[PDB]
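S.K.: Right, I'll just put the structure down here and ask away after.
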Amino acid sequence: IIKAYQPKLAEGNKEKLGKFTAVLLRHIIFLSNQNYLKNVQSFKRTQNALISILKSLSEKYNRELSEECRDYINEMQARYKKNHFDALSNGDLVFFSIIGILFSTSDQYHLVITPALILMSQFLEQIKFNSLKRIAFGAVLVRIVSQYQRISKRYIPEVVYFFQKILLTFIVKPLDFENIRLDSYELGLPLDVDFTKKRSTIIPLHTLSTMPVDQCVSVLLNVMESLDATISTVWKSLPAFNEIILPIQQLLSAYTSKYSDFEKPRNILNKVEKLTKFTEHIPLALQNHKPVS
Amino acid sequence: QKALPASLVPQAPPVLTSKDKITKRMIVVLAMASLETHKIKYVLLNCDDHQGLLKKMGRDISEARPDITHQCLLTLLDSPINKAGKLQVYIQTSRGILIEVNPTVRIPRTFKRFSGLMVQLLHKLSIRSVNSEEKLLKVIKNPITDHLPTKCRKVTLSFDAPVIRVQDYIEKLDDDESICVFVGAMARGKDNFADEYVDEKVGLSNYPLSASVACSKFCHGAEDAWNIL
Amino acid sequence: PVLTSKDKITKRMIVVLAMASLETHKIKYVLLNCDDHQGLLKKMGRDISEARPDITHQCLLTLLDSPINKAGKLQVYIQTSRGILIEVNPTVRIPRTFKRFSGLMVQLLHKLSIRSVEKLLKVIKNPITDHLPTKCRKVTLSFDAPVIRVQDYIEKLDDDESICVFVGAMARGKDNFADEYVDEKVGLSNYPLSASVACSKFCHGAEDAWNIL
Amino acid sequence: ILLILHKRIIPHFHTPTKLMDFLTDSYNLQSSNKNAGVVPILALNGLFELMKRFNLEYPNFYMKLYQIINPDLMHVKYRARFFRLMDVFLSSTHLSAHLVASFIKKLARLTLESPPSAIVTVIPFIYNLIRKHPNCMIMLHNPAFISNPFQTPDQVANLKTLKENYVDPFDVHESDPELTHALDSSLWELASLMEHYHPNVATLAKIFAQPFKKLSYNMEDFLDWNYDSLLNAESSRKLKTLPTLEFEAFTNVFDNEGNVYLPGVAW
Amino acid sequence: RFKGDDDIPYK
RNA sequence: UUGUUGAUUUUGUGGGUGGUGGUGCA
């Protein structure tokens, strides 16, 4: 299609192909919505190729892509208003990721990154996260937003709120955390779970639409690893790191107490204790103004 | 461990004026300034630009250099102490004209424009702001003492006088009092221009100092002594 | 001894007047000035705001007349905005009337140097780094940078190393002219400083720090 | 009943003071039922009406009021009604410095785990409270810990030893705002909110570092915000511009089940 | 507001 | 497409260069 309608062949081919930067993106998202568990390897081959083609198309028709991308943002929000999580699918996660691929994430203002970050933050808070599918969707959402701020390292409060509720969800309350608002008390992990076997922390997207204990643990560990990365990158720089980690530290202490073998919180707790020790906690000095002439 | 004041916002310090005699300040007197005008239009007599005219006047053109005054006032007025509002400049022209320099003024840095200001000031006896709210440069009646603060220490720059540390003298001097410095903008001459007013003369360095350098040298010590930064 | 670029061991206070606006134009060659030549520079299309070499004159005057220069512990370098680097012999004594300074500069730029009977003012090859002492600390004057005490700063630095300060004689612009060579930028005074005043302030600290007197 | 008590019930009673026990019980209600947790907020309006009319004192009002402020308050729909009452209560001329300091500290303690809309709500509120009580302005800025350029070396050493030994004295579990020792603490949360992902929220957070020239901020201009407003605002951008693309290239967007832009998310 | 080494305007 | 001419230009897409430059040397 691109060859048959290159800019040189005829007038208006530039205007057309810009729309095919938009149409290709929709096709990319549509393919992700389609089932591909049968031929994941083939889907991987075709998918990355299409994204590469869109990257070249975006380089010359970035304007048309942004219009389509934002229109998709307007569409998901409207679908979220009436359907809530049912509107959200794998492709919505894929759209958020491809935006990160093609658009400058580390910007104070951006036409497409900013609405995506706001829209995703709305999911991280508004969505009930009352099912392992829903928790799995949130975990992928946390990973995507973390990659957006991989250089900027800005603070997302919704990431803290999402972490706190999910951590308490898998321990259900302990009667010590009434400030955290849970939406499902039936997802508590059983005590008999080993927490010593080597469990892959990767969450397939095709299993998401289909959606036992092991799957819950893998989702937890992925959420645990994202939490550790957030502590290691963004939270440490913030002046209030000690406070930001207190609710998590108490949650992490509960994880160790209930599951002594389960090592990840002890690791995170050790790094947290390590970082708190260096971090110099000062009474802030912020009203220091420059004398005037 | 202390609660912060009611209002921390920095406010511009009151602009010091001759009427106010209580506040501590560092006064600098640029004595023996060579500022003269003559109709050719009235032009500030200059050492290099005009040579024959000053010969016709009979004045030794060696002492016909206002650029020294221009630089000294430039180095002075741009000093942080002015920006802190703790300095007032007085200019005593060789003819006997006393000029008060409001700390708010800003002389043009270009010498040619500076000459235009001086001829404007000398003939109109005053210079008004662009916004027309205050008279930045005003000629005032002699003697100098009446304008100076009631309690003030007077000193001149004397190369023959003992060499001192400008910082040290300012701390041992009392607080409510003010310090007045008489600097000779003359290219050369005897350091007796301010003898009748001053009480004691000091030298600042073993080696000879330019008037602009000495003026800049003195103010830096005061800023160090008074923590003006 | 008179300090020179060849000698690198001795401690000294190096000052570089970066972005110096010195330029010669013939209608005969004469130094361009913001006031003397306006319509000509308007025809060039350059703004007369950045046509002001007297800052280099004033800064060079205060630096040259400072006690440190008399004590033989200071050398001056000037980096013209056009890219011309000038070495200033500490022994020199420039004219103080701006008109005679301009006539000297056009002589310096066109003959590439000045000899009066060593070369008083000599145009040297860039970069600055080769000319500067082998062990030397580099800083610029930056208003946004933290305010530091020049006396305390010089005291805390070592003895064998030398100090470079990069001062902007330019009228307006970003303080990045010497970012490539410098390792850190420091603030001298809490308030905005003119180039001459900052140069006057800095040599005060070295004189106090080294007891030059 | 509590919603209409202040308007349609209290004025029609001969001795409305008799409602004090019911409102007091309503104001002190603590239940494990989440939906019953909003009862004290509604009862506060009627309780204040009784105190205002007959000059009644509820025992330990501001201790109980400090207790009520909680994460659920920022999310419930009656937040606007509550804050309107807060402006009346916290306009009193006799409130102690430790009192207001605890409320600011706990609200800042909450804004960390709050939505931006709630953050947009609180940040003006803390500005107004601090401006009302300049003694609490120490919380934003404690001067003794400044490193002043002219401070002598012994002062630097004393600051360093004082620096090392400092500990935050604010108590989160203490229910008495005059005992929380908040006035001796400081607001690190607002400085962390300065790095908020949303630029406008960060700008509102940057205001504290700027001087407090403004006398007060209109609460009505900041209460009504939410996720939809931010999304709706971006849905209608008056100006449209080409986006800045990534120069970096990732071979695969997602992880497998070369370069992966989402490790841990299988494809 | 003029700052530093600015010269007064020339008309 | 040209001031009557005929593929020299015109439209769209990509695209490099200071260059009838000056000046000092052998």
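The chains in the structure tokens are called A, B, ... from first to last as shown; in each chain the residues are counted from 1, and the ligands are counted from 1 in the order shown.
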With only C-alpha atoms (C1' of nucleotides) as the counted atoms, please give the residues lying no more than 9 Å from residue 76 in chain A, apart from itself and same-chain residues fewer than 5 positions off, as a ChimeraX atom specification.
M.R.: /A:71,81,87-88,92,119
S.K.: Next, write the just-selected residues to a file, as a short mmCIF file (atom, residue, chain, number, x, y, z; two decimals), in the first residue's frame, keeping N, CA, C and O atoms as the atom set.
M.R.:
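Contents of result-v7.cif, freshly written:
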```cif
data_model
loop_
_atom_site.label_atom_id
_atom_site.label_comp_id
_atom_site.auth_asym_id
_atom_site.auth_seq_id
_atom_site.Cartn_x
_atom_site.Cartn_y
_atom_site.Cartn_z
N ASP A 71 -7.43 10.39 19.72
CA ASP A 71 -8.80 9.94 19.48
C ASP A 71 -9.05 8.60 20.15
O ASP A 71 -10.13 8.36 20.70
N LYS A 81 -16.22 4.95 30.88
CA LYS A 81 -17.30 5.58 31.62
C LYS A 81 -18.49 4.64 31.77
O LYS A 81 -19.13 4.60 32.83
N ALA A 87 -14.44 -2.45 29.42
CA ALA A 87 -13.89 -1.77 28.26
C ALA A 87 -12.41 -2.07 28.10
O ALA A 87 -11.92 -2.26 26.98
N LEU A 88 -11.67 -2.11 29.20
CA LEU A 88 -10.23 -2.33 29.13
C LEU A 88 -9.94 -3.73 28.62
O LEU A 88 -10.54 -4.72 29.06
N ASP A 92 -5.57 -2.10 24.91
CA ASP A 92 -5.39 -0.84 25.63
C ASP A 92 -4.02 -0.81 26.31
O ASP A 92 -3.34 0.22 26.30
N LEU A 119 -4.80 9.08 32.16
CA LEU A 119 -5.81 8.04 31.98
C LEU A 119 -5.40 6.76 32.69
O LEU A 119 -6.23 6.09 33.31
#
```
S.K.: With only C-alpha atoms considered, list every residue of chain A at most 8 Å from chain C, as a list in words.
M.R.: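 Only these qualify: residues 290, 291 and 293 of chain A.
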S.K.: Would you work out the distance separating CA of residue 181 in chain D from CA of residue 86 in chain D, expressed in Å to one decimal?
M.R.: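 Taking CA of residue 181 in chain D and CA of residue 86 in chain D, their separation equals 21.3 Å.
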S.K.: Pull the helix (DSSP H, G or I) assignments for range 46-250 of chain D out of DSSP run on the backbone, and list those residues as a ChimeraX atom specification.
M.R.: /D:46-54,61-68,71-75,79-89,97-111,116-132,134-138,143-145,153-165,182-184,188-193,199-206,220-223,227-235
S.K.: Would you mind listing what lies within 10 Å of residue 8 in chain E as a compact mmCIF listing (two decimals) with N, CA, C and O atoms, in the first residue's frame, with only C-alpha atoms (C1' of nucleotides) counted and same-chain residues fewer than 3 positions away left out?
M.R.:
```txt
# COMPACT_ATOMS: atom_id res chain seq x y z
N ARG B 106 21.68 55.40 38.04
CA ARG B 106 22.55 54.58 37.20
C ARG B 106 23.16 55.40 36.07
O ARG B 106 22.52 55.69 35.06
N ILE B 107 24.42 55.76 36.26
CA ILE B 107 25.21 56.48 35.27
C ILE B 107 25.34 55.61 34.02
O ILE B 107 25.39 54.38 34.14
N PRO B 108 25.39 56.18 32.82
CA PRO B 108 25.72 55.36 31.65
C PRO B 108 27.15 54.85 31.76
O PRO B 108 28.06 55.57 32.17
N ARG B 109 27.34 53.59 31.37
CA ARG B 109 28.66 52.99 31.45
C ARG B 109 29.57 53.54 30.36
O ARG B 109 30.80 53.59 30.54
N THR B 110 29.01 53.95 29.23
CA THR B 110 29.79 54.59 28.18
C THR B 110 30.21 55.98 28.62
O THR B 110 29.42 56.75 29.18
N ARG B 113 28.34 59.19 26.94
CA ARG B 113 27.05 59.52 27.54
C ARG B 113 27.23 60.08 28.95
O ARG B 113 26.50 60.99 29.35
N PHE E 2 16.52 46.28 34.65
CA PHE E 2 17.88 46.16 34.20
C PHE E 2 18.74 45.54 35.29
O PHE E 2 18.48 45.69 36.48
N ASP E 5 25.49 44.58 33.91
CA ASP E 5 26.29 45.50 33.10
C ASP E 5 25.48 46.23 32.04
O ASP E 5 26.06 46.69 31.05
N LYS E 11 18.21 56.79 22.85
CA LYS E 11 17.14 57.07 21.90
C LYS E 11 17.67 57.88 20.72
O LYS E 11 18.07 59.04 20.88
```
S.K.: Would you list the contacts of residue 141 in chain D as a ChimeraX atom specification, taking every protein, DNA or RNA residue within 6 Å and counting only C-alpha atoms (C1' of nucleotides), but skipping same-chain residues closer than 5 positions in sequence?
M.R.: /A:284-287
S.K.: Go ahead and write the selection's residues with C-alpha atoms as a PDB file, in the first residue's frame.
M.R.:
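Output file result-v3.pdb follows:
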```
ATOM      1  CA  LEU A 284      13.092  21.480  55.221  1.00  0.00           C
ATOM      2  CA  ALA A 285      14.382  24.920  54.242  1.00  0.00           C
ATOM      3  CA  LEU A 286      12.221  26.146  51.362  1.00  0.00           C
ATOM      4  CA  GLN A 287      11.266  29.773  52.146  1.00  0.00           C
TER       5      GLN A 287
END
```
S.K.: Just to confirm, what's the straight-line distance from CA of residue 225 in chain D to CA of residue 142 in chain A in Å (one decimal)?
M.R.: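 Computing it gives 23.8 Å between the two atoms.
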S.K.: Looking only at the backbone, which of the residues in range 14-220 of chain B does DSSP tag as strand (DSSP E or B), as a ChimeraX atom specification?
M.R.: /B:26-33,37-39,42-44,87-93,98-101,126-128,135-140,152-157,163,178-184,200-203
S.K.: Once you count only C-alpha atoms, what closest atom pair and distance in Å to one decimal does each residue of chain D within 9 Å of chain B have, with rows by chain and rising residue number, as a tab-separated table?
M.R.:
```
residue	atom	partner	partner_atom	distance
D:134	CA	B:6	CA	5.8
D:135	CA	B:3	CA	6.0
D:136	CA	B:3	CA	7.6
D:137	CA	B:4	CA	6.4
D:138	CA	B:3	CA	5.2
D:139	CA	B:3	CA	8.6
D:141	CA	B:4	CA	7.6
D:142	CA	B:1	CA	7.0
D:143	CA	B:4	CA	7.1
D:144	CA	B:1	CA	6.1
D:145	CA	B:1	CA	8.5
D:149	CA	B:229	CA	8.8
D:150	CA	B:227	CA	7.0
D:184	CA	B:1	CA	7.9
D:211	CA	B:9	CA	6.0
D:212	CA	B:9	CA	7.2
D:213	CA	B:9	CA	7.5
```
S.K.: Find the distance between CA of residue 179 in chain A and CA of residue 139 in chain A and write it in Å to one decimal.
M.R.: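 Distance reported for this atom pair: 21.7 Å.
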S.K.: Could you list the residues in chain C lying within 10 Å of chain D, using only C-alpha atoms, and format the result as JSON, numbers by chain?
M.R.: {"C": [146, 147, 148, 149, 152]}
S.K.: Define the interface residues of chain B facing chain C as those within 12 Å, counting only C-alpha atoms, and report them as an NGL selection string.
M.R.: :B and (46-49 or 65-68 or 70-84 or 108-113 or 163-167 or 187 or 203-221 or 223-224 or 227-229)
S.K.: Restrict the calculation to only C-alpha atoms (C1' of nucleotides), then for each residue of chain A with any atom at most 10 Å from an atom of chain F give the closest atom pair and their distance in Å to one decimal, rows by chain and rising residue number, as a tab-separated table.
M.R.:
```
residue	atom	partner	partner_atom	distance
A:6	CA	F:13	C1'	8.5
A:7	CA	F:13	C1'	5.5
A:8	CA	F:13	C1'	4.8
A:9	CA	F:12	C1'	8.4
A:10	CA	F:12	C1'	7.2
A:11	CA	F:12	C1'	6.2
A:12	CA	F:12	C1'	8.6
A:13	CA	F:12	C1'	9.4
A:14	CA	F:13	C1'	8.9
```
S.K.: Take the residues from that selection and put them in a file with C-alpha atoms, as a PDB file, in the first residue's frame.
M.R.:
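Below is the file that was written, selection_19.pdb:
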```pdb
ATOM      1  CA  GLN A   6       4.244   7.027  -2.458  1.00  0.00           C
ATOM      2  CA  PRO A   7       4.353  10.848  -2.281  1.00  0.00           C
ATOM      3  CA  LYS A   8       5.991  11.171  -5.704  1.00  0.00           C
ATOM      4  CA  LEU A   9       3.383   9.148  -7.611  1.00  0.00           C
ATOM      5  CA  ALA A  10       0.506  11.622  -7.291  1.00  0.00           C
ATOM      6  CA  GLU A  11      -0.796  14.600  -5.356  1.00  0.00           C
ATOM      7  CA  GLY A  12      -2.338  13.929  -1.961  1.00  0.00           C
ATOM      8  CA  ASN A  13      -0.435  10.692  -1.343  1.00  0.00           C
ATOM      9  CA  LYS A  14       1.210  12.368   1.656  1.00  0.00           C
TER      10      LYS A  14
END
```
S.K.: Name all residues at most 8 Å from range 231-248 of chain A (count only C-alpha atoms (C1' of nucleotides); drop same-chain ones fewer than 2 positions away) and give them as a VMD selection string.
M.R.: (chain A and resid 153 to 155 164 227 to 229 250 to 252 272 275 to 276 281) or (chain D and resid 109 112 188 to 189 191 to 192 195)
S.K.: Compile the contact shell of residue 122 in chain C as a list in words: residues with an atom at most 6 Å away, counting only C-alpha atoms (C1' of nucleotides), same-chain residues fewer than 6 positions apart removed.
M.R.: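 Non-adjacent residues within range: residues 86, 87 and 113 of chain C.
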S.K.: Residue 104 in chain B: which residues within 12 Å, counting only C-alpha atoms (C1' of nucleotides), same-chain residues fewer than 4 positions away excluded, as number ranges by chain?
M.R.: A: 293; B: 12-17, 77-78, 82-89, 100, 128-129, 133-137
S.K.: With N, CA, C and O atoms retained, write the just-selected residues as a CSV table (one decimal), in the first residue's frame.
M.R.:
```csv
chain,number,residue,atom,x,y,z
A,293,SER,N,17.4,44.0,45.7
A,293,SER,CA,18.2,45.2,45.7
A,293,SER,C,17.4,46.4,45.9
A,293,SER,O,16.2,46.4,46.0
B,12,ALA,N,12.9,45.7,49.8
B,12,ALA,CA,14.0,46.5,49.4
B,12,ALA,C,14.4,47.5,50.5
B,12,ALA,O,13.5,48.2,51.0
B,13,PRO,N,15.6,47.5,51.0
B,13,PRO,CA,16.0,48.4,52.1
B,13,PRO,C,15.7,49.9,51.7
B,13,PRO,O,15.9,50.3,50.5
B,14,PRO,N,15.2,50.7,52.6
B,14,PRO,CA,15.1,52.1,52.4
B,14,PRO,C,16.3,52.7,51.7
B,14,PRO,O,17.5,52.4,52.1
B,15,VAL,N,16.1,53.6,50.7
B,15,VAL,CA,17.2,54.3,50.1
B,15,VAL,C,17.8,55.3,51.0
B,15,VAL,O,17.0,56.2,51.4
B,16,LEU,N,19.1,55.3,51.3
B,16,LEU,CA,19.7,56.2,52.2
B,16,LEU,C,19.7,57.6,51.6
B,16,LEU,O,19.9,57.7,50.4
B,17,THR,N,19.5,58.6,52.4
B,17,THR,CA,19.5,60.0,51.9
B,17,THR,C,20.2,60.9,53.0
B,17,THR,O,20.3,60.5,54.1
B,77,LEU,N,29.1,52.4,42.4
B,77,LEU,CA,27.6,52.2,42.3
B,77,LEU,C,27.2,50.7,42.0
B,77,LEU,O,26.2,50.3,42.5
B,78,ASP,N,28.0,50.0,41.2
B,78,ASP,CA,27.8,48.7,40.9
B,78,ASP,C,28.1,47.7,42.1
B,78,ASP,O,27.8,46.5,42.0
B,82,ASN,N,26.0,49.1,47.5
B,82,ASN,CA,24.9,49.9,47.0
B,82,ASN,C,23.6,49.0,46.8
B,82,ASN,O,22.5,49.5,47.2
B,83,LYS,N,23.8,47.8,46.3
B,83,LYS,CA,22.6,47.0,46.1
B,83,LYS,C,22.0,46.6,47.4
B,83,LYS,O,20.8,46.3,47.5
B,84,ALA,N,22.8,46.6,48.5
B,84,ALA,CA,22.2,46.5,49.9
B,84,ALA,C,21.8,47.8,50.5
B,84,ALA,O,21.2,47.8,51.6
B,85,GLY,N,21.9,48.9,49.8
B,85,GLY,CA,21.5,50.2,50.3
B,85,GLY,C,22.2,50.7,51.5
B,85,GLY,O,21.5,51.2,52.5
B,86,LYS,N,23.5,50.6,51.6
B,86,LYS,CA,24.3,51.0,52.7
B,86,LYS,C,25.4,52.0,52.4
B,86,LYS,O,26.4,52.1,53.1
B,87,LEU,N,25.3,52.7,51.3
B,87,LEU,CA,26.3,53.6,50.7
B,87,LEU,C,25.7,54.8,50.2
B,87,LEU,O,24.6,54.8,49.6
B,88,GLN,N,26.4,56.0,50.4
B,88,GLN,CA,26.0,57.2,49.6
B,88,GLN,C,27.3,57.8,49.1
B,88,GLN,O,28.3,57.9,49.8
B,89,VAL,N,27.3,58.3,47.9
B,89,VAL,CA,28.4,58.8,47.2
B,89,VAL,C,28.3,60.3,47.2
B,89,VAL,O,27.2,60.9,46.8
B,100,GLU,N,25.5,65.4,45.3
B,100,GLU,CA,25.0,64.3,46.0
B,100,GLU,C,24.5,63.3,45.0
B,100,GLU,O,23.8,63.6,44.0
B,128,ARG,N,16.6,64.5,36.9
B,128,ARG,CA,15.3,63.8,37.3
B,128,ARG,C,15.2,62.5,36.6
B,128,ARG,O,15.8,62.2,35.5
B,129,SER,N,14.5,61.6,37.3
B,129,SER,CA,14.4,60.2,36.8
B,129,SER,C,13.6,60.2,35.5
B,129,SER,O,12.9,61.1,35.2
B,133,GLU,N,10.1,60.8,39.4
B,133,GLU,CA,9.7,60.7,40.8
B,133,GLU,C,10.7,61.1,41.8
B,133,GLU,O,10.3,61.5,42.9
B,134,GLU,N,12.0,61.1,41.5
B,134,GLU,CA,13.1,61.5,42.4
B,134,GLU,C,14.2,62.1,41.6
B,134,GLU,O,14.4,61.8,40.4
B,135,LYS,N,14.9,63.0,42.2
B,135,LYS,CA,16.1,63.7,41.6
B,135,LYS,C,17.3,62.9,42.0
B,135,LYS,O,17.8,62.9,43.1
B,136,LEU,N,17.8,62.2,41.0
B,136,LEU,CA,18.9,61.2,41.3
B,136,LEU,C,20.2,61.9,41.6
B,136,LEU,O,20.9,61.6,42.6
B,137,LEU,N,20.6,63.0,40.8
B,137,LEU,CA,21.8,63.7,41.0
B,137,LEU,C,21.4,65.2,41.3
B,137,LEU,O,20.7,65.8,40.5
```
S.K.: For chain A, report every residue with an atom at most 7 Å from chain D (counting only C-alpha atoms), formatted as a PyMOL selection string.
M.R.: chain A and resi 48+62-63+66+74+97-98+101-104+108+111+115+118-119+122+140+143-144+154-158+160-161+179+201-205+238-240+283-287
S.K.: For chain E, list the residues within 9 Å of chain C, counting only C-alpha atoms, and write the list as a list in words.
M.R.: residues 3, 4, 5, 6, 7 and 10 of chain E
